[PDB]
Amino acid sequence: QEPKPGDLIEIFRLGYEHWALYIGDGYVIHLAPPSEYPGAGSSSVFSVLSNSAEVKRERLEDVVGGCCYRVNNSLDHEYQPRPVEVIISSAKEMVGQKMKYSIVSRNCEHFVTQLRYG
């Protein structure tokens, strides 16, 4: 299925899945992977800001790259999804906020599931 605004996108990476929220016109909002490795520059690996990630609005094509991906709203069988008006206004309000990008924590998934389900 083609994504509609409010849909969760599951992207199959090597060893994990990256998640994004489709907002329409080929855009997603997501917890963007960091581009600075722990201990880059002057920073210590043990910095609390190691693997800091920013919530970004980006093109779906740029985030997916060549990867396989699907819409995955299967949590709709457990939780009632919010109105798309609220999902998308909530998502836009979070742009520029930060979270730890810990793959083990699944924060990229939890970020967008909270947008869809509250």
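Quick note: we count residues from 1 along the sequence shown, nothing fancier.
Taking the mean C-alpha B-factor of each stretch as recorded, 19-27 and 90-98 are not equal, and the higher mean is that of 90-98. The mean C-alpha temperature factor is higher for 35-43 when 52-60 and 35-43 are set side by side.
In this PDB entry, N72 carries a Cα temperature factor that places it within the middle third of its chain's modelled residues. The deposited CA B-factor of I103 belongs to the middle third of values across its chain.
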